[PDB]
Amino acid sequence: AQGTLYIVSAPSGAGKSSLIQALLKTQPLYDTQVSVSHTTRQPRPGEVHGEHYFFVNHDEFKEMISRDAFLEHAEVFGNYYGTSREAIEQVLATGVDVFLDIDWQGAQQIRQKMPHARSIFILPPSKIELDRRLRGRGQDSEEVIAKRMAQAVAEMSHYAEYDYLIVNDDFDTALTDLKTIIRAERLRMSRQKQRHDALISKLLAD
């Protein structure tokens, strides 16, 4: 019937976006999808329009805030980002789970708006590695990294507001962790009661 919203947040460099992406590779569109956000920030190298993000002017965005197009929006690390209402509501009507790769501010917003949403915070094994991971993928640059690490602390302090916590120490353990959370929620009685309406009905008979 209705699918489930999965908020996922982390200090930049924890590897959250790379986890969510590896997960969807093993997950068909009919079960799981991700929301593509709008944002003012400049496209990094080898980042196409309409896949990772929808890239729009600070002008275009201030007007989306106005036309009320966003389920949530916020300022993080000096730029505007947002999750458009139209897309999300459609996909969720079709029983498909949708992932939101958003910050703590966005998460707080979605939690009032959509109270059945589930949220996962991902932590690094140390701030020393948070910095190392950032430099290690050639996406981002010197100025931008120091900016993000200043807030890395403040980001991580919101961890307790989330339903689930993953320490991404080692990428493959972490991906299993995330796969599991999804798998286990799909074994909850509400959801399994629909998907096996078929079976149950015949079981209870002769």
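Between two forms, the rigid core is defined as the largest C-alpha subset superposing within 1.5 Å. Residue numbers here begin at 1 and follow the sequence given.
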Should one compare 103 to 111 and 67 to 75 by root mean square Cα distance from the shown form in 4 other deposited structures of this protein, core superposed, the larger belongs to 67 to 75
Between 156 to 164 and 54 to 62, greater root mean square CA displacement in 4 other deposited structures of this protein relative to the shown form, after rigid core superposition, belongs to 54 to 62
If we scan the other compared entries, does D140 go without coordinates in at least a third? yes
Once average C-alpha B-factors are taken from the entry for 43 to 51 and 158 to 166, the winner is 43 to 51
Per the PDB entry, mean CA B-factor is higher for 99 to 107 or 86 to 94, namely for 86 to 94
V76: CA temperature factor from the record, placed by chain third, in the highest
Split the chain's modelled residues into thirds by Cα B-factor; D140 lands in the highest
Here the Cα B-factor of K16, set against its chain, lands in the third termed lowest
Sorting the chain's modelled residues by C-alpha B-factor and splitting them into thirds places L187 in the lowest
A146: CA B-factor among chain residues, third -> middle
